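Structure, as structure tokens:
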Amino acid sequence: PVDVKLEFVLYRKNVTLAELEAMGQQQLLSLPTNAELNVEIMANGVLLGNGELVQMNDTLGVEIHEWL
Amino acid sequence: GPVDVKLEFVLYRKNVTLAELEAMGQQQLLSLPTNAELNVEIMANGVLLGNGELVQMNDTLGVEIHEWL
Ligand SMILES: [Ca+2]
Ligand SMILES: [Ca+2]
């Protein structure tokens, strides 16, 4: 099979084209509180699961709270 | 509609095989590559707009922009 496009998504939302332009004027973007508690694992547009950011000994990790 | 944009802040993305995805699904704690956090990608309708670095701010996480495309 062909490869699938896997993403670990820290935050997602719908915004308007105007808000998208506004965002580009910023140098530091705040994410909503607890975005780190809802990391979404997605592939080819399908939600696979969600989890939480963890600082491990040498990297960041994602602790899975649910595989769908 | 056309005014609507799907915005994503992506910590890590990769083209993976079905077998690799299967193996991932067996895990409870997934390690990300070293410094994935240095390349948080900002996507709009699946297209890369910019990238930055994950920062712990006072009340939330933030993304420090390093490049807008
Ligand atoms: Ca926790
Ligand atoms: Ca935590």
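Taken together, the values in this text are just the output of simple stated rules run on the coordinates, not laboratory data. All Cβ positions, even for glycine, are placed from backbone atoms using ideal geometry, and neighbour counts span all protein chains on display.
So residue A:35 clears everything in (1) more than 16 Å from ligand 1 (Cβ to nearest atom); (2) of a type outside the set (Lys, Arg); (3) under 19 Å from residue B:44 (Cβ atoms); (4) in contact with a strand residue (DSSP E or B) (Cβ under 9 Å, 6 or more places away or on another chain) except one condition, right? Which one?
(1) is the only condition that residue A:35 fails.
Has the stretch B:31-40 got any residue that is facing chain A (nearest Cβ under 7 Å), more than 17 Å from the chain's Cα centre (by Cα) and not small (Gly, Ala, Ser)?
Among the residues of the stretch B:31-40, not one is facing chain A (nearest Cβ under 7 Å), more than 17 Å from the chain's Cα centre (by Cα) and not small (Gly, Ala, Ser), which makes the answer no.
Hey, any hits in the stretch A:47-60 for a residue that's of a type outside the set (A, V, I, L, M, F, W, C), closer than 18 Å to residue B:43 by Cα and either more than 7 Å from chain B (Cβ to nearest Cβ) or touching a residue at least 24 places away in the same chain (Cβ under 8 Å) (or both)? Please lay out each step first, then the result.
So the first thing to find is which residues in the stretch A:47-60 are of a type outside the set (A, V, I, L, M, F, W, C), and the list is A:49-52, A:55, A:57-59.
Add one more test, that the residue is closer than 18 Å to residue B:43 by Cα, and what stays is none.
No, the stretch A:47-60 contains no residue that is of a type outside the set (A, V, I, L, M, F, W, C), closer than 18 Å to residue B:43 by Cα and either more than 7 Å from chain B (Cβ to nearest Cβ) or touching a residue at least 24 places away in the same chain (Cβ under 8 Å) (or both).
Would you check which residues across the stretch A:26-67 are away from ligand 2 (no atom under 12 Å from the Cβ), surrounded by 15 or more Cβ atoms within 10 Å (Cβ to Cβ) and either hydrophobic (A, V, I, L, M, F, W, C) or over 25 Å from residue B:17 (Cα atoms) (or both) and list them?
Answer for the stretch A:26-67, where residues must be away from ligand 2 (no atom under 12 Å from the Cβ), surrounded by 15 or more Cβ atoms within 10 Å (Cβ to Cβ) and either hydrophobic (A, V, I, L, M, F, W, C) or over 25 Å from residue B:17 (Cα atoms) (or both): A:29, A:30, A:31, A:41, A:42, A:43, A:48, A:64.
List the pairs whose first member sits in the stretch A:1-22 and is more than 7 Å from chain B (Cβ to nearest Cβ), whose second member is in a loop (DSSP other than H, G, I, E, B), and whose Cβ atoms are under 8 Å apart, counting only residues at least 6 apart or on separate chains?
A:18/B:3
For residue A:63, state whether it is of a type in the set (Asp, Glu), more than 7 Å from chain B (Cβ to nearest Cβ) and free of Cβ contacts under 8 Å to residues at least 60 places away in the same chain. Break it down stepwise before answering.
On the way: of a type in the set (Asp, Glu): yes; more than 7 Å from chain B (Cβ to nearest Cβ): no; free of Cβ contacts under 8 Å to residues at least 60 places away in the same chain: yes.
The answer is no for residue A:63.
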